[PDB]
Amino acid sequence: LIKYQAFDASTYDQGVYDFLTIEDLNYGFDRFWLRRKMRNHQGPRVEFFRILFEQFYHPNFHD
Amino acid sequence: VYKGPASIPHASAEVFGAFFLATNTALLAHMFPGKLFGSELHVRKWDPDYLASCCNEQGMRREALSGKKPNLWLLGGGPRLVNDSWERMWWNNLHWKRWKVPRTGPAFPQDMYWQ
Amino acid sequence: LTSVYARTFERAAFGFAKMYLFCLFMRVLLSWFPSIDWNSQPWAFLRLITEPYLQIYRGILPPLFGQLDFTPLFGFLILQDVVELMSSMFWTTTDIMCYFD
Amino acid sequence: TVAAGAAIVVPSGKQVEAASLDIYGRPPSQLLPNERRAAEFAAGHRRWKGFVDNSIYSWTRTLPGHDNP
Amino acid sequence: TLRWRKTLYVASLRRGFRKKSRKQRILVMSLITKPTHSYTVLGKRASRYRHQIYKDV
Amino acid sequence: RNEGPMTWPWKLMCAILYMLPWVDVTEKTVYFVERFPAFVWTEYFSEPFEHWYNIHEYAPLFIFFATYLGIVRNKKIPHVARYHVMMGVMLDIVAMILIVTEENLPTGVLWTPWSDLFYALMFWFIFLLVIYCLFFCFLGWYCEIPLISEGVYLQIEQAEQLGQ
Ligand SMILES: CCCCCCCCCCCCCCCCCC(=O)OC[C@H](CO[C@@H]1O[C@H](CO)[C@H](O)[C@H](O)[C@H]1O)OC(=O)CCCCCCCCCCCCCCCCC
């Protein structure tokens, strides 16, 4: 979101939202997923699913 | 082992320790109202508008019981003697009253949300 | 069998290497403090496990200043990095395989 | 500088009457407070421009025409 | 929409185009020749599907 | 050994050298300002400092070598100014230690809000240290940080005889 000041730090009743929504700025996995380049380190066929199964287990996919 | 000339003041490490712990505790107390042994942290006792309204109430009541026409005292200041606009004439009290919501505060969220 | 054992060996070596980086990190950070007992138990064991490696290289850095060597830090950082390697980036579209270790 | 400038700038009563009587139609002490300050400023600005014209600019214009870019 | 995705993030190329001319594939054991360039797990479409799956997980 | 007080040009130079650790932690400001908007001015203050400290890759190493070899060991400069220069260098080293720590976090912790808390605490701790030391630099006094200032005194008295 490099062209904008892509955070919301607003006050009392002055919040304004135009194509950057409230949920994208400050709610949950939308806000978390928009900031994923903070957490890059700095094959694709089989190891992707194996690492996702071992690391981030969830019964709606893996059970 | 040489610290300095001893005529220049040295601040102790306890001052910084108290400053560090107090800033962190103030932030934590502002984020969680109701959990300070069941209470919260305020930065004042009375609203200035509330105090001035009480003082104006008692002042005009005492003026009225003494047989005079009562006067309202204005926060910020009285009128300017102009002739071009109403807003310029009454600018000082308007300037006090326009700042009401940030004077009341706070500038941080009043309730806790977990990201 | 070979794949499981190879993965287990890689994980164990990576963990041991990260631990040794932590030990070297401790060496630097304590080398800031001069009035230590290097004798006392905790310190003795740390020196021990770091005894030989710093003992390997105390001949390249001249005794310019006897106070401190950061050199093991750069050395082993680059070493585990090569371990990643010897084992910006322009793509066609955003690659997902770059968020894995 | 502040007092030295204020010696140049601050006008007397005759300049204030002079600056009031041409800008406005009325003599002084018959005006609003905001429109007295306009006459005072006009008198002070006239004093500044007159001082700059007769005391700084009378001898610095000897025409050394050069040093363009 | 497409307009919103265009207004948020652009590619910011810096090393030329990310997309390139497509390479047809043939199989070794209608009127129109259909594209078979994406019959691989290393292509752009497999990357987009894999990225969506990771986001869901 | 000069035991005189600080004067204003030393205070100005020390304030710029104190702006260096803020530049090294200024990426993580958004994770604190989101919760406390009254400090939103800290998002925008350090921008030309960020530009000038990154004119060359070798600029901060040159700054560290120049300050250590030309200010700290030079005994003609008053002792409190050398104290504040070495305090700026130590705060820079602490911030670089924090950067090294955040680049080695495990991938499970990195995809939780615990990483957001870690980012905010990084910025806030460096900011508190910088504000405290800048206050006592503008006063002209010594300020003693626990576990830091004793090493600063030892390094000054070591760098001084670093000749004989
Ligand atoms: C009548 C005219 C009206 C003028 C109003 C003037 C307001 C005066 C505010 C003065 C305070 C600002 C200081 C100047 C900042 C210098 C750097 C600057 O320009 O940054 C300019 C930056 C703004 O940065 C700009 O931002 C833009 C975003 O749209 C763009 O990014 C620009 O590139 C960027 O330059 O502003 C600051 O960061 C402001 C920080 C101010 C806070 C400093 C903390 C210290 C506060 C004072 C301490 C008082 C202590 C108590 C004293 C007791 C006495 C009361």
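We use all heavy atoms of the structure for the numbers below, so side chains are in, but hydrogens, waters and symmetry mates are not. Here is how names work: the chains are called A, B, and so on, in the same order as the sequence lines, proteins then strands, and each is numbered from 1.
- Taken from CG in F/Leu139 to CD1 in B/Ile8, the straight-line distance is 12.0 Å, to the nearest 0.5 Å.
- To the nearest 0.5 angstrom, F/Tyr18 atom OH is 11.5 Å from F/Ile131 atom CD1.
- Rounding to the nearest 0.5 Å places OG1 of F/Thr107 at 6.0 Å from CG of F/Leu110.
- Every residue meeting the side-chain contact (heavy atoms from CB on, under 4.5 Å) condition with B/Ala64, not counting sequence neighbours, appears here in chain and number order: B/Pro70.
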Which atom pairs, one donor and one acceptor, sit under 3.5 Å between chain F and chain B?
from	atom 1	to	atom 2	distance (Å)
F/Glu3	OE2	B/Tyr2	OH	2.4
F/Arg35	NH1	B/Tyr113	O	3.1
F/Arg35	NH2	B/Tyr113	O	3.0
F/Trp124	NE1	B/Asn24	OD1	3.3
F/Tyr132	OH	B/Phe16	N	3.4
F/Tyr142	N	B/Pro9	O	3.3
F/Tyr142	O	B/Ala11	N	3.1
F/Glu150	OE1	B/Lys3	NZ	3.4
F/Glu150	OE2	B/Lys3	NZ	3.3

Exercise for review: Give the intermediate values and the outcome of side-chain contact (heavy atoms from CB on, under 4.5 Å) for residues F/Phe118 and F/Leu105.
Suggested key: CA-CA 10 Å; F/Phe118 186 81; F/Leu105 293 164; 4.3 Å; yes

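- Neither the backbone nor the side chain of F/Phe135 comes within contact range of chain B, judged by heavy atoms closer than 4.5 Å.
- With sequence neighbours left out, the side-chain contact (heavy atoms from CB on, under 4.5 Å) criterion links F/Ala15 to F/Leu134, F/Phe138.
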Check your understanding: Can F/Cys137 and F/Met6 be said to form a side-chain contact (heavy atoms from CB on, under 4.5 Å), step by step?
Key -> CA-CA 9 Å; F/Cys137 176; F/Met6 278 174 114; 4.1 Å; yes

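- In this structure, NZ in F/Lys28 is found 9.5 Å from CG in F/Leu98, a value given to the nearest 0.5 Å.
- If you take CG on F/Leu129 and CD1 on F/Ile148, they are separated by 8.0 Å, rounding to the nearest 0.5 Å.
- Among the residues in residues 44-58 of chain F, none has a non-hydrogen atom closer than 4.5 angstrom to a non-hydrogen atom of chain B.
- F/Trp22 CH2 to F/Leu91 CG: the interatomic distance, rounded to the nearest 0.5 Å, is 13.5 Å.
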